[PDB]
Amino acid sequence: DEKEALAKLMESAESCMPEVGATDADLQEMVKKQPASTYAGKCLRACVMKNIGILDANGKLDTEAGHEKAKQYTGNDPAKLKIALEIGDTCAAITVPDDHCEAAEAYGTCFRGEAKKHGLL
């Protein structure tokens, strides 16, 4: 069901692509959970996160409504889901830039980092 979570993210990312002029290469970096190698890809990620609501209108992480948010990353599984919740609390504390595109990617770095540490990768 984590698979299905990634599938939802990609649909969202597909509808976000034209408004930040992102490319298929940018989309592929996302599915593969890599850093964004372009600014548009960072903005693509901001657009997705904002649609999830994990990133708010002032470009800061919003961890309220925990389950609804974290399940968009890991699916419904309890052990996984719990870890994502903890990753949210960890990463909501980092310092990020005022630029929302760059802020989304600094959060994404934290997400991936913690996910590797906790075995979600």
# chains A, B, ... in the order shown; residues from 1 in each chain; ligands from 1
call {"tool": "residues_around", "arguments": {"residues": "range 88-101 of chain A", "least_positions_apart": "2", "cutoff": "6 Å", "atoms": "only C-alpha atoms", "output": "VMD selection string"}}
result
chain A and resid 42 to 43 46 59 61 85 to 86 103 to 104 110
call {"tool": "residues_around", "arguments": {"residues": "residue 83 in chain A", "least_positions_apart": "4", "cutoff": "8 Å", "atoms": "only C-alpha atoms", "output": "PyMOL selection string"}}
result
chain A and resi 79+87+118
call {"tool": "closest_residue", "arguments": {"among": "A:37, A:17, A:56, A:51", "to": "residue 72 in chain A", "atoms": "only C-alpha atoms"}}
result
A:51
call {"tool": "closest_residue", "arguments": {"among": "A:109, A:31, A:102, A:73", "to": "residue 60 in chain A", "atoms": "only C-alpha atoms"}}
result
A:102
call {"tool": "atom_distance", "arguments": {"atom1": "CA of residue 50 in chain A", "atom2": "CA of residue 3 in chain A"}}
result
20.6 Å
call {"tool": "select_by_dssp", "arguments": {"residues": "range 51-121 of chain A", "states": "alpha helix (DSSP H)", "output": "ChimeraX atom specification"}}
result
/A:51-52,66-74,78-91,100-117
call {"tool": "closest_residue", "arguments": {"among": "A:71, A:76, A:9, A:63", "to": "residue 32 in chain A", "atoms": "only C-alpha atoms"}}
result
A:9
call {"tool": "closest_residue", "arguments": {"among": "A:8, A:33, A:45, A:117", "to": "residue 75 in chain A", "atoms": "only C-alpha atoms"}}
result
A:8
call {"tool": "atom_distance", "arguments": {"atom1": "CA of residue 119 in chain A", "atom2": "CA of residue 1 in chain A"}}
result
16.7 Å
call {"tool": "decode", "arguments": {"residues": "range 33-120 of chain A", "atoms": "C-alpha atoms", "output": "mmCIF file, in the first residue's frame"}}
result
data_model
loop_
_atom_site.group_PDB
_atom_site.id
_atom_site.type_symbol
_atom_site.label_atom_id
_atom_site.label_comp_id
_atom_site.auth_asym_id
_atom_site.auth_seq_id
_atom_site.Cartn_x
_atom_site.Cartn_y
_atom_site.Cartn_z
ATOM 1 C CA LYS A 33 13.131 9.358 -4.291
ATOM 2 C CA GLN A 34 16.237 11.234 -5.385
ATOM 3 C CA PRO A 35 17.227 14.859 -4.736
ATOM 4 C CA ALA A 36 15.852 17.342 -7.273
ATOM 5 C CA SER A 37 18.624 18.132 -9.761
ATOM 6 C CA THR A 38 16.717 21.165 -11.133
ATOM 7 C CA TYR A 39 14.916 24.160 -9.572
ATOM 8 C CA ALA A 40 11.706 23.278 -11.407
ATOM 9 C CA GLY A 41 11.896 19.835 -9.808
ATOM 10 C CA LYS A 42 12.174 21.541 -6.417
ATOM 11 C CA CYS A 43 9.140 23.614 -7.330
ATOM 12 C CA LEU A 44 7.395 20.437 -8.560
ATOM 13 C CA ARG A 45 7.971 18.973 -5.123
ATOM 14 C CA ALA A 46 6.623 22.121 -3.422
ATOM 15 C CA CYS A 47 3.457 21.864 -5.504
ATOM 16 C CA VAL A 48 2.927 18.241 -4.496
ATOM 17 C CA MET A 49 3.655 18.856 -0.804
ATOM 18 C CA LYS A 50 1.267 21.814 -0.782
ATOM 19 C CA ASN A 51 -1.408 19.600 -2.320
ATOM 20 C CA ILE A 52 -0.810 17.063 0.463
ATOM 21 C CA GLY A 53 -0.834 19.877 2.995
ATOM 22 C CA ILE A 54 2.409 18.749 4.625
ATOM 23 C CA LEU A 55 3.750 22.058 3.293
ATOM 24 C CA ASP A 56 1.606 25.090 4.109
ATOM 25 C CA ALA A 57 0.940 28.370 2.286
ATOM 26 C CA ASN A 58 3.865 29.996 4.099
ATOM 27 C CA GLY A 59 6.231 27.237 3.013
ATOM 28 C CA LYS A 60 6.669 25.599 6.404
ATOM 29 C CA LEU A 61 6.004 21.973 7.330
ATOM 30 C CA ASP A 62 2.510 21.372 8.740
ATOM 31 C CA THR A 63 2.364 18.181 10.805
ATOM 32 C CA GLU A 64 -1.247 18.522 12.012
ATOM 33 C CA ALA A 65 -3.718 15.910 10.699
ATOM 34 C CA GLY A 66 -0.930 13.361 11.107
ATOM 35 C CA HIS A 67 -2.370 10.186 9.582
ATOM 36 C CA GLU A 68 -3.907 11.813 6.509
ATOM 37 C CA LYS A 69 -0.475 13.331 5.771
ATOM 38 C CA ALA A 70 1.946 10.495 6.569
ATOM 39 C CA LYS A 71 -0.233 7.869 4.843
ATOM 40 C CA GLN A 72 0.330 9.822 1.602
ATOM 41 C CA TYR A 73 3.972 8.731 1.883
ATOM 42 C CA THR A 74 3.952 5.242 3.431
ATOM 43 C CA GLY A 75 0.448 3.842 3.014
ATOM 44 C CA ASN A 76 -1.722 2.490 5.826
ATOM 45 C CA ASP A 77 0.778 0.014 7.369
ATOM 46 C CA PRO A 78 1.173 0.620 11.159
ATOM 47 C CA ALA A 79 4.949 0.139 11.662
ATOM 48 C CA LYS A 80 5.863 2.210 8.579
ATOM 49 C CA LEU A 81 3.224 4.813 9.264
ATOM 50 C CA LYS A 82 4.480 5.302 12.788
ATOM 51 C CA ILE A 83 7.997 6.014 11.513
ATOM 52 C CA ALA A 84 6.826 8.631 8.999
ATOM 53 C CA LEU A 85 4.987 10.364 11.815
ATOM 54 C CA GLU A 86 8.269 10.520 13.697
ATOM 55 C CA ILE A 87 10.051 11.739 10.558
ATOM 56 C CA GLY A 88 7.533 14.578 10.327
ATOM 57 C CA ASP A 89 8.274 15.689 13.884
ATOM 58 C CA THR A 90 12.008 15.466 13.242
ATOM 59 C CA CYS A 91 12.008 17.328 9.932
ATOM 60 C CA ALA A 92 9.530 20.060 10.928
ATOM 61 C CA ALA A 93 12.363 21.365 13.087
ATOM 62 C CA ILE A 94 14.982 22.050 10.391
ATOM 63 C CA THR A 95 15.834 25.536 9.127
ATOM 64 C CA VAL A 96 14.720 26.161 5.502
ATOM 65 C CA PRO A 97 14.846 29.090 3.049
ATOM 66 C CA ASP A 98 12.014 31.566 2.459
ATOM 67 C CA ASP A 99 11.788 30.309 -1.128
ATOM 68 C CA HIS A 100 9.049 27.629 -0.974
ATOM 69 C CA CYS A 101 10.531 25.549 -3.771
ATOM 70 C CA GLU A 102 13.873 25.370 -1.986
ATOM 71 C CA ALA A 103 12.064 24.855 1.348
ATOM 72 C CA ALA A 104 10.203 21.826 -0.064
ATOM 73 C CA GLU A 105 13.503 20.276 -1.109
ATOM 74 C CA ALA A 106 15.213 20.930 2.220
ATOM 75 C CA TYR A 107 12.287 19.096 3.846
ATOM 76 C CA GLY A 108 12.601 16.338 1.213
ATOM 77 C CA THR A 109 16.279 15.954 2.017
ATOM 78 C CA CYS A 110 15.292 15.483 5.646
ATOM 79 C CA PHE A 111 12.563 13.000 4.727
ATOM 80 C CA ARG A 112 14.898 10.875 2.616
ATOM 81 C CA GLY A 113 17.683 11.126 5.161
ATOM 82 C CA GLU A 114 15.538 9.987 8.054
ATOM 83 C CA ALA A 115 13.848 7.358 5.892
ATOM 84 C CA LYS A 116 17.281 5.835 5.136
ATOM 85 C CA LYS A 117 18.266 5.920 8.787
ATOM 86 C CA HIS A 118 15.004 4.228 9.881
ATOM 87 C CA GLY A 119 15.026 1.576 7.147
ATOM 88 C CA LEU A 120 12.223 3.008 5.009
#
